[PDB]
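This document starts with one chain, in the form deposited in one PDB entry, laid out as C-alpha cells.
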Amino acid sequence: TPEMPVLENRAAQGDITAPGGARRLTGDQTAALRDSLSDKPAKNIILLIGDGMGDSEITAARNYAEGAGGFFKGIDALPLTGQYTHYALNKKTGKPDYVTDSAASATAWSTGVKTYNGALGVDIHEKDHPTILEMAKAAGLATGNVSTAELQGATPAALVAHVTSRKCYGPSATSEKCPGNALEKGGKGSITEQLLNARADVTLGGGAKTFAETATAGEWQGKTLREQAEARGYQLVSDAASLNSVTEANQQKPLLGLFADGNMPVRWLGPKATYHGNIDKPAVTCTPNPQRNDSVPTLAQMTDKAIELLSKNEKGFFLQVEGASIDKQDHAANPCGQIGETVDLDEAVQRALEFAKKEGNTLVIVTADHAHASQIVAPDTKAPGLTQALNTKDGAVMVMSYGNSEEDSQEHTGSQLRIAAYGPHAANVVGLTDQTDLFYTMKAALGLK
C-alpha cells in the first residue's frame, strides 16, 4: 500500500499559550519524509505559480485568514521544501540583475535560460528557446495554461511566446515595440498571435481586449484575433456555465477561456495602504468583492476543469496555474486584495493535491516568481511608506507595510524564496536551488529528450 503522504495537518496542535501547544508537529517525521522520496517517472505535472507570493506574503495571509497558529491546507500541505534563487541578467553586460520582473523569471523556468527583465522566451542575444510547454506538446502530452490575469501577461505568456518585450500584447504593441517579432515585418508575431499558434489544449484566463485586434499580415489579416481563433478551431467559452459545458478539449477543438476584458476580478475588497495608516486609521477587515461573481470561474474551478479535460490524454499532461493578482495587489499596496489572492491560490492548490494524491503519478509544485513589497511589522510602527492595520482571524491586529517605493507602485524584491513540491522527483526542490533548475526538474521528470 505505498502512498505518498501530504501534510494532513500542521496547524498548531493545541493551546498557543500552553507548553507544546504551538508545536505543529506531533512526532518524528523521518519515516514520513522517507515515504516522500520517489524518483519514479512523473506522468502528469502541475505547477502553481503564486505571482509575487514570497515567504512574507505567505505568512501575512495565513496570519489573517487562518490565524498565526493556523495552516493553509493547500500552500502549506506540501512535504518537500527548499529555497531557490531567481535573479535575472543585464542584457548589456550579462551580469546578474538581483531583482527580476515577471517576464524573466517565467522565461528561466519555462525555458531553462536566464534572460533580461522584459524578455519572453529569448535570452540576452534575443535567441528563442523552446518552452517546456512547447516541448511537452511536441512529446505528445496534453498541456494547460491557466491564470487570473490577461493571458498576454508575463507569467502565462512565457509558456507560448517569444518576444523581446513583454509589452507587445497584440499587433498594435508588437509593431511598435517588437518590430522584429512583427508579423507584417516577417516576425513570429505578437504575444496574442503566438498564443494562438502554440495551441495548448487548455488555456483559461482573461485579457479579452487584445483578441479584439486584427492582424496586420498573414492569413487572418483584417480578421480579429478572436475571429481567427474560431477559424483556427478554438472553442471559445466566456463564463463559468460555458466553461463547465466543455465536454472535451484537444488539438482538434482547443479551449480558449476568456473570462474578462483584462484581469479577472479580485476576491476581496479593502482599502489601500496609507502613510501612517496603522495609527491614523482603524483596523481593516477585508470583505468579499461582489464582482467575483457566480458567472466568473474561480481559480480552483478553472484549475479543476483543466485537470478534468487534460486527464483524458493517456500519455499525461503539463499544467501551469497562476494566481495573478497577489503581485498586482502588492504593487497596489492593498493588503486585502493581496491576501484574498493568496487564499484563492490555496484553494486551487488543494484541488491540485486532491487529484495528484489520488492519481499517484503526478508532480505538483507551488512557488512564486520573486519576492515583493509587503512586510509584517509591530502595531505601533511609524514607517515612511504605506502601512495598514488589519483584524486577523486570531481576533488580533496585524500591521502590514510597503516601503520600497515613493512612486506609483511598490517594487518586487530579490530575496530567495520558498518552493515546495509533492510527488515523483519532488526531492529536487529541497535545499537551495535556482529557478532554472525547475525547468530541468520538470523536464527530466516528464522524461523529455
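When you see a residue number, it is the position in the sequence shown, counting from 1.
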**Q.** Selected stretch [higher average CA B-factor]: 382 to 390 or 62 to 70
**A.** 382 to 390
Q.
Please compare 300 to 308 with 326 to 334 and name the stretch with the higher mean C-alpha B-factor in the deposited structure.
A. 300 to 308
Q) Highest Cα B-factor in the deposition, which of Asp101, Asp346, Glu134, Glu230? A) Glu230
Q.
Among the choices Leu319, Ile365, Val246, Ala283, identify the one whose CA B-factor in the record is greatest.
A. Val246
Q) If you rank every modelled residue in this chain by C-alpha B factor, which third holds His162: lowest, middle or highest? A) lowest
Q.
Ranking every modelled residue in this chain by its Cα temperature factor as given in the entry, which third contains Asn289?
A. middle
Q) Is the Cα B-factor recorded for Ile45 in the lowest, middle or highest third of its chain? A) middle
Q: Report the third (lowest, middle or highest) to which the CA temperature factor of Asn9 belongs, ranking only the modelled residues of the same chain.
A: highest
Q) Would the CA B-factor of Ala396 place it in the lowest, middle or highest third of its chain? A) middle
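One more form of this protein, solved in complex with a partner chain, exists but is not displayed; see below.
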Q: Quick one: find which of 344 to 352, 357 to 365, 331 to 339, 159 to 167 has residues within 4.5 Å of its partner chain in the bound PDB entry by heavy atom distance.
A: 159 to 167
Q) Out of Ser175, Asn117, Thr224, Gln301, which one falls within 4.5 Å of its partner chain in the bound PDB entry, going by heavy atoms? A) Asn117
